[PDB]
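Below is one structure, written out as structure tokens; comments come after it.
A, B, ... follow the sequence lines: proteins, then strands. Residue 1 opens every chain. Every number for a ligand or one of its atoms is a count from 1 in the order of the listing.
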Amino acid sequence: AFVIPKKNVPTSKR
Amino acid sequence: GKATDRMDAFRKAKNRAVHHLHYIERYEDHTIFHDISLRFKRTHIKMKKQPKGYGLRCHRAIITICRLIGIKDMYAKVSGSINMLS
Amino acid sequence: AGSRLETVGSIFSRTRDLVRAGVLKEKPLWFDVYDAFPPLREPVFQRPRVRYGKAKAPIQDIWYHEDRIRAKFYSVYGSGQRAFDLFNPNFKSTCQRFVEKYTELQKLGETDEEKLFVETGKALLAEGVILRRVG
Amino acid sequence: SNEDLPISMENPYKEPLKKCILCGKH
Amino acid sequence: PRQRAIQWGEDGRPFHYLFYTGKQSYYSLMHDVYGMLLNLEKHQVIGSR
Amino acid sequence: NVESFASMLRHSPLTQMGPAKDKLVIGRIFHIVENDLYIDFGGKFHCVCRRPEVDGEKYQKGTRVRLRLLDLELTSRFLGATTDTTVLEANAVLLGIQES
Amino acid sequence: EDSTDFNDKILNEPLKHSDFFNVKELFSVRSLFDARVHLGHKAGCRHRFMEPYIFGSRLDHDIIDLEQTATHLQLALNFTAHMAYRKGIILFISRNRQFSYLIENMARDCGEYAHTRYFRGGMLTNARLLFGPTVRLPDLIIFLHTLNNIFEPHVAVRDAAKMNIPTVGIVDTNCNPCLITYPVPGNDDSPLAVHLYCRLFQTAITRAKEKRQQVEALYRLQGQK
Ligand code: FES
Ligand SMILES: [Mg+2]
């Protein structure tokens, strides 16, 4: 399965 | 799913689809209960109920969707416009 | 998960099928109540269409026999100065009093409207009702 | 059955059709 | 910065009857002033900005 | 011996009133805004009448007044509309104050 | 071992009775008639889907059939009580500004929730972003008025169905009841009618919550001894 590069810990991180 | 980046488009479409799920009634968990003839806009789809072992003899896109639904045996002929969304 | 396809089936059929398919791990709090005490109509989305050709709405006009008497009374006499009190559930207008009396004189055996109508007015005048004709 | 159900009539309160000032005159 | 407290408990029931508006404080105040006006109606500067 | 809905409808005071045009009815002022008086007379919708100049002071919330009804609900269909536009209020003329 | 017994005696027991909360005694056809529940809009305002519920037109004024209203209201009040008994979040929605104050008080009095204000886009379908990831949505939504202030269906009716939330609704003769789970055909304009609906739904909710406390207490007292 083509793995969509997953998001890291939310950068904004309010 | 729509986005400037292809990865964002994939994610948006994938995550939104699971919130818009249909339930498809499968006869004996391998085919459709009866032959379905339908026209959606200008696309015509004629599906036929088939016995076990027939396989999926339909448009490649329908084959993909049928595997996701769990239909193993079916025939379908698509006429008119071959628009993928229709 | 849940299905946001509100135009396909109802909230019940969608929930029943998804719980049945194993997508919804737990039935929602309302499901068991609906299953026990379902509504008279399954709430399925329908599209309102305009009526073309000879299609007409089946709603009928509500009429009663005494409307014929009421119409003539209002034409001959008109709405009396006495004001309708619609808050009182048992309010009897001068017209209704006329209808009631007229209906009683019909039981006697009078078969003509003109005479029967005239006789009704006289009875009310004897009782003290004020009947000022439009003329 | 019941006697209080609505019956089928023609609007008894219907007003006569309006006539122009010359209706019926040569 | 002053931060609003949790608006629902463990059970998940919000604590305010106007929670689902999204402006419970504003609309609660709006409700209060309207109520006072109703009661007042039924009963009947330079320095301050 | 339970009264059916049809029985209630036939005998209801509103049914025996018949057409509402030029019918004198008694309403109650339930809301007042400036000089606008919102009067309930027993119909589906209330009517709004301006405070009479002769005796405005007398008209207060709860006062019973005499009206002449013109329409129970102001509705009309304008060019291109699929349904009527409703004002959600009755049309009436405030005649005066009811005195017993 | 104890959870199943608790659930059977408490959660499943009420579902075996036709009128567990005795909501039938709260109203009669006479009481509905005296509140002007049968008075509909003019025939020119009629919605096609409300025709099955209309008794007739009296001088171009649609009369709602109160015999069907009674059966529809019985089911709506029964469903509301069972949800309050099950500790469900009930949200009252109405955009009629004549009754916003009344409805907001009724919700606070019965320990429920009211939304009488402008319904902002996504309150239900985007709640986790608007309120928070752990926000719990309503279990029942009761529409005292199903139309917004431009005489079109309140957006929450569609969004409630998207979120699979059952809806109770007073549907006048100009309303669209197709997506309302428990429609109750009746007048939604007259104060007397709206005051009756509020009294009926507030009582059913209060009755159900007290019954839940009584049943739980009896189960607990018996459990110890
Ligand atoms: S209406 Fe003009 S001729 Fe009769
Ligand atoms: Mg209405």
Side-chain angles (χ1 to χ4, degrees), chain C residues 48 59, chain D residues 14-26, chain F residues 14 38 40-48 71-77 81-91, chain G residues 32-33 35-66 68-69 72-73 76 92-100 102-103 116 142-154 156-157 167-178 180 183-198 201:
Chain C
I59 311 310
Chain D
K14 204 180 155 193
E15 309 160 23
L17 287 185
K18 299 206 161 184
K19 285 180 162 200
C20 70
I21 54 173
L22 286 186
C23 189
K25 310 202 177 55
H26 174 69
Chain F
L14 199 60
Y38 301 67
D40 178 44
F41 55 93
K44 179 166 177 58
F45 314 88
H46 68 268
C47 54
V48 193
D71 195 343
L72 296 176
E73 188 189 344
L74 285 151
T75 78
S76 169
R77 189 168 300 189
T82 61
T83 177
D84 291 331
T85 296
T86 187
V87 191
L88 296 180
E89 66 183 1
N91 199 10
Chain G
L32 294 171
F33 191 94
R36 307 176 212 159
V37 169
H38 63 289
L39 297 186
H41 295 260
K42 286 195 66 68
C45 299
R46 190 190 303 146
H47 202 293
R48 174 157 189 180
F49 293 160
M50 285 301 303
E51 283 174 5
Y53 308 121
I54 292 162
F55 182 76
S57 66
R58 175 65 180 179
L59 290 153
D60 300 311
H61 295 95
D62 290 346
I63 296 301
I64 302 150
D65 188 11
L66 287 195
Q68 293 177 335
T69 301
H72 280 269
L73 183 52
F92 290 99
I93 300 182
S94 169
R95 291 292 294 110
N96 196 330
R97 304 170 55 252
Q98 177 174 10
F99 304 118
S100 165
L102 170 85
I103 293 171
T116 66
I142 305 178
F143 289 94
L144 284 153
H145 307 71
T146 61
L147 294 178
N148 63 28
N149 291 326
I150 61 158
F151 311 88
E152 291 176 19
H154 197 297
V157 176
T167 50
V168 171
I170 312 296
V171 286
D172 210 338
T173 64
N174 62 339
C175 303
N176 184 338
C178 66
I180 293 161
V184 181
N187 176 359
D188 63 4
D189 288 287
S190 297
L192 282 71
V194 175
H195 284 143
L196 175 51
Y197 306 144
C198 285
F201 282 109

Q) For atom 2 (Fe) of ligand 1, which protein N/O/S atoms are closer than 2.8 Å? A) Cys20(D) SG
Q) Which atom pair, heavy atoms only, marks the closest approach of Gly40(G) to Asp172(G)? A) CA-OD1, 3.6 Å
Q) Do the side chain of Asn96(G) and the main chain of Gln98(G) share a donor and acceptor less than 3.5 angstrom apart? A) yes
**Q.** side-chain contact (heavy atoms from CB on, under 4.5 Å) partner of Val37(G), chosen from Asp188(G), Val194(G), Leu66(G), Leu73(G)
**A.** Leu66(G)
**Q.** Under 3.5 Å donor-acceptor, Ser190(G) side chain and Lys44(F) backbone
**A.** yes
**Q.** Which atom of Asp188(G) approaches the Mg ion (ligand 2) most closely (N/O/S)
**A.** OD1
Q. How about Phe143(G) and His154(G): are their ring centroids closer than 6.0 Å?
A. yes
Q: Using the Mg ion (ligand 2) as the apex, give the angle to atoms OD2 (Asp189(G)) and OD2 (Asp172(G)), rounded to 10 degrees.
A: 100°
(Q) Under 2.8 Å from the Mg ion (ligand 2), can any N, O or S atom of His145(G) be found? (A) no
Q: Check whether any side-chain N or O of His72(G) sits under 3.5 Å from a backbone N or O of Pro183(G) as a donor-acceptor pair, and report yes or no.
A: yes
Q: Measure from the side-chain N and O atoms of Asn176(G) to the backbone N and O of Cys178(G), and report whether any donor-acceptor pair falls under 3.5 Å.
A: yes
